[PDB]
Amino acid sequence: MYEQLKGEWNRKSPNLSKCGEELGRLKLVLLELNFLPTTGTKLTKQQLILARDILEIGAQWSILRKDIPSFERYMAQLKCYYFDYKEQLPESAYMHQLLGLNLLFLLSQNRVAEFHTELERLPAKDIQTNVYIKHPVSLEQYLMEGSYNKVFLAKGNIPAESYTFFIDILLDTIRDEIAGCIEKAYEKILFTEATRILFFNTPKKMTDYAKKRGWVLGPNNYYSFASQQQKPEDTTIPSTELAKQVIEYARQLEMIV
Amino acid sequence: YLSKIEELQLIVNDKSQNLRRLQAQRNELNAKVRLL
Amino acid sequence: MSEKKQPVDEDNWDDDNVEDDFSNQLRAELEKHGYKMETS
Amino acid sequence: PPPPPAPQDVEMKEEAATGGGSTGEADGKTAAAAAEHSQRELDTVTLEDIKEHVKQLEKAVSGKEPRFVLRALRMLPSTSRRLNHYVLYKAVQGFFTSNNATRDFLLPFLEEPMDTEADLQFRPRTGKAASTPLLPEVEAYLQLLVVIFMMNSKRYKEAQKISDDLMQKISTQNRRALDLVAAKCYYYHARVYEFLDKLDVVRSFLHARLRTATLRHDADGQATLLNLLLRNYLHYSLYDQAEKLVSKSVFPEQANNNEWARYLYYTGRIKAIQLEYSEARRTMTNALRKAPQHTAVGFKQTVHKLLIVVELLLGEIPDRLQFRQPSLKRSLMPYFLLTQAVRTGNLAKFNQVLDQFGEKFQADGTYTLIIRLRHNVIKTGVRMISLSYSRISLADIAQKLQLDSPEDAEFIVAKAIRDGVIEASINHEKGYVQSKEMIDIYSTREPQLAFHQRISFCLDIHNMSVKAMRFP
Amino acid sequence: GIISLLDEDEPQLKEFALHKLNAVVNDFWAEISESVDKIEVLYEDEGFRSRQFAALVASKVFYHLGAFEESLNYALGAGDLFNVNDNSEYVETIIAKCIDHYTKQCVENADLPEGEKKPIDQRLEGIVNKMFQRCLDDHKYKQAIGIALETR
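Residues numbered from 1 in each chain as written, not as in the entry; some residues may be left out. Chains lettered and ligands numbered in written order. Part of a larger assembly, values for the part shown. Heavy atoms only, no water.

- Structure determination for the deposited model, as stated in its record, used cryo-EM, and the stated resolution is 4.9 Å.

### Section: the overall build of chain D
Here comes step 1: When its secondary structure is counted, chain D shows 24 helices and two strands.
Here comes step 2: In summary, chain D has a C-alpha radius of gyration of 29 Å against a globular reference of 23 Å for 472 residues, an excess of more than 25%.
Here comes step 3: When its C-alpha atoms are laid out on the principal axes, chain D stretches across 100 × 50 × 40 Å.
Here comes step 4: Burial statistics for chain D: of 472 residues in total, 49% are counted as buried.
Here comes step 5: Restricting the contact set of chain D to residue pairs at least 6 apart, pairs at least 24 apart contribute 64%.
Here comes step 6: If you sum the accessible surface of chain D, you get close to 24800 Å²; carbon and sulfur atoms cover 58% of it.
Here comes step 7: Side-chain charges in chain D split into 64 positive and 55 negative, and the spacing between the mean points of these groups amounts to 2 Å. (Helix = DSSP H or I, 4+ residues; strand = E, 2+ residues; numbered from the N terminus. Rg over C-alpha atoms; globule rule 2.2 N^0.38 Å. Buried < 20%, exposed > 50% of the residue type's maximum accessible area, 1.4 Å probe, protein only. Contact = heavy atoms within 4.5 Å. Areas by Shrake-Rupley, 256 points an atom, 1.4 Å probe, with all protein chains shown as cover. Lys, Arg positive; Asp, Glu negative; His and termini not counted. Charge placed at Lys NZ, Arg CZ, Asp CG, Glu CD.)

### Things to note about the nonpolar core
Here comes step 1: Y186, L228, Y263, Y265, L312 and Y335 of chain D are the most contacted members of the largest nonpolar core, which has 58 residues in total.
Here comes step 2: A total of eight residues in this core trace back to one element, the largest contributor, which is helix α10 (residues 175-193) of chain D.
Here comes step 3: Beyond its immediate chain neighbours, meaning those up to four positions away, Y335 of chain D contacts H304, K305, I308, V309, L312 and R320 of chain D.
Here comes step 4: Among the nonpolar cores identified, the runner-up in size contains 48 residues, and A185 and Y222 of chain A together with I397 and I412 of chain D belong to it. (Core = buried A, V, L, I, M, F, W, Y, C linked by side-chain atoms within 4.5 Å.)

### Some details on the interface of chain E and chain A
Here comes step 1: Each side of the interface is counted separately: chain E has 14 residues, and chain A has 16 residues.
Here comes step 2: Looking at the side of chain E facing chain A, the largest losses of area belong to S4, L5 and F16 of chain E, adding up to 37% of the total buried there.
Here comes step 3: Applying the counting criterion to the chain E and chain A interface returns two salt bridges.
Here comes step 4: Residue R73 of chain A pairs with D7 of chain E through a salt bridge whose shortest N-O separation is 3.3 Å. (Buried area = accessible area lost by both parts, 1.4 Å probe. Salt bridge = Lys/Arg side-chain N within 4 Å of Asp/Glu carboxyl O.)

### Quick word on the packing of aromatic side chains
The description of an aromatic ring pair uses the distance of the two centres, along with the angle that the planes make with each other.
Here comes step 1: Overall, the coordinates contain 19 aromatic pairs over all chains when judged by the stated rule.
Here comes step 2: Ring geometry for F152 of chain A against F199 of chain A: centres 4.7 Å apart, planes inclined by 70 degrees, an arrangement best described as edge-to-face. Of the two residues, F152 of chain A is situated in helix α7 (residues 150-155) and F199 of chain A in the loop between α9 (191-197) and α10 (204-210); the sequence distance between them amounts to 47 residues.
Here comes step 3: For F199 of chain A, a relative accessible area of 18% corresponds to the buried category.
Here comes step 4: With a centroid separation of 5.4 Å and 85 degrees between ring planes, the pair formed by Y63 of chain E and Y90 of chain E is classed as edge-to-face. With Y63 of chain E in helix α4 (residues 51-65) and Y90 of chain E in helix α6 (residues 90-110), this pair connects stretches of sequence that are 27 residues apart.
Here comes step 5: Feature note: the residues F83 and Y85 of chain A, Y239 of chain D together with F28 of chain E constitute an aromatic cluster, connected by ring pairs.
Here comes step 6: Looking at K60 of chain E, its charged tip hangs above the ring of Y90 of chain E, at a distance of 5.9 Å from the centre. (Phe/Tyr/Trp six-rings, centres within 6.5 Å; stacked < 30°, edge-to-face > 60°. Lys NZ or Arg CZ within 6 Å of the ring centre and 35° of its normal.)

### Let's talk about the side chain of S38 of chain D
All names here are of chain D.
Here comes step 1: Topologically, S38 is positioned in helix α2 (residues 36-50).
Here comes step 2: In this structure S38 comes out as buried when scored by relative accessible area, which is 8%.
Here comes step 3: Setting aside residues no more than four positions away along its own chain, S38 makes contact with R176, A177 and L180.

If you want it as structure tokens, here you go:
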């Protein structure tokens, strides 16, 4: 039934808009089928097993075309594919690394609690197995342990079907967190600590840092500023604002007994 | 039935009569403390 | 008051609170703490 | 046959108050809540939860539920003669032969107080007639000929949702009896529904039941059904805590004074599992000091083991032994050595407590503790030693805690500045920290900053005691 | 995540999103609260010819979140299938607040001599003259003169 849904099955990219022909075909799948109100009778969900398959391959298209709204789109589709109440499905092929795509994208965009709802939705397959998840979670333990060099130790082997863009964004979250954490409260660094904490010895990008953050490139030398803190005294008057506080404070002690 | 909940729900606000029952009793109490 | 999820759920022991403020610290050892005198 | 007179007495003492007295407390009463027999009946429901309820065995089978559910009638003032019927039927258990007429014959017994006559108009008698028989049936979940009948009895309680939603047709505030009973019985709904499987369309039951209690009768229903919804989203996968993040409408009068306590506990577990130290530990602390009593044996204990997991994750906790029930000791055989592993800085013991007690750690099921507990060990080290010495070296602390290199000690000190505990900087040639402590920080105008909150909090509680002095 | 599936800028995938809405909106009450902005995008777009349904699920999600004056705005924006409903929670509480706005509006405009009023928005008066005929043809005119009280 309905043969030509499989028209982009095994060659993955001749174009962008022939995947748009497949998008029109999945548009007709949304016209005719609509996966979410479909309750049971699990032979009207076997073409939806096929839809799970080719929309995992569409998530591979979303990382192939770099489209992040399409990435979160098809990833929310996969999230809904584990969410509809007929959970008794055939075991998903790209299950191990769709969680990893989502998790490494999350790790790139610096989230704070969706990491832990990821640690709660499927916890039991994290420590025993699933290197696409077992390697990012202990990798996060190593990232907030204190090593941006475990990045490269790991990058020894993490393509993991096009996590390459996400580990490039991970290099970006190395470098802009260096832009923060290069002198948070340091004395001074030199060329060699730039060479250690930063990488790629001198592009116009650390020169762009020195000419982009309001920075003094000292004589083979670095400083955040001439005082690093913009001289805190905060006003030199802590009195009259708390005098206004005394006004409304005595006022609230008034009208009450 | 549109406005026909609201007056009876403002009658639900009539603990003002009981908190002011304590207040009017205290009015009587300390006013006749004074008069005593 | 059991109305929640829960219907499925100083002899040597308050000295153990200061002793677990002490358990990682110098059990008795008495020689070490008497022989730190004579190594100089 | 001499003990069943004690259920014979307490049964009549219950529905005397409930039926006659709270029906007279429903007729014209409830200025705020003059249905004091409602709280009396919830006290007796706690009394039937202490004791056996009425007729689980009681040396016989099935005496009271076929008996008293007949003939209420609410009529001409000789309905105390129907009460005399209720009283003088009690020669059957002592004298005559008892027979089985519960859990099977109850299906027309519930329709008897409707098919006698047009009894009365109010729903708390109907909630009585479908609660006071059927709550004595729920706590025997032996899953054989008893749990399908809890299931159908709470389908009659779903008909009580229907006759809570479409009875008195607007604004007669019998929800300050039926939501007070319905808190209990909807918890027992969730219990019996999830003794077998997760509940799926009962989620939408609960959603629309929260919806119907929005403004017209917003009294003890919203917070309790929200506890139901919260523990629903707690027991299963964790997707709709963003619903509380977008629809935070969680603030009633906080009426039952323990519902709010355990509510703050459950949402403390939420913020513990979202991500939090500070706000989560302070609402855990407020629920801890808002433990109502210890009049219920060892029920604070397991829930406290899971309560102070975040305080363990602080690293600034000693041994917790003042809480320890001696019957909890054989279950905290992992947990005692776990807080010992918090006090110790050993790494092989940090993973050997895991290698020794991973099954009880799964009984916790909250490996968010172990995903940051190593980081907690190194933060305990940095807090102690950075509070200890003014100008320490990173090598001293590093190869005192086995770091083996300067640059990961640099990343530790750097992420500790980023986490902001101490000033400590690096005398940058090859590391070798140059640093300081912080005394002479400030001590005079800074207390009186917080003293505004001190005494403004005090005057808030002044006015609250004023508005509480208003009550007699 | 049901709103990121809307990059197709026609209404013809907004309709599939609404076919997801009227299926699982009570489960996804958490989801639409962020999507308030794109529901606004749907209401502002006159080329979106289903803007009636945009204002429908707008007043639905605002009835969920507890917005009531914007529930009134998009309740008027909901259209002609709005007043006709006989449902017992949603439509009658929001037409309660709507004709409450009608009577307080007729009080304020009865406090406003000779015009300069706020005009009748184009989805008032529906159950006024339709439930008014229920009150009339139910042959007890006490509501039929109660509106005459309420309008001054």
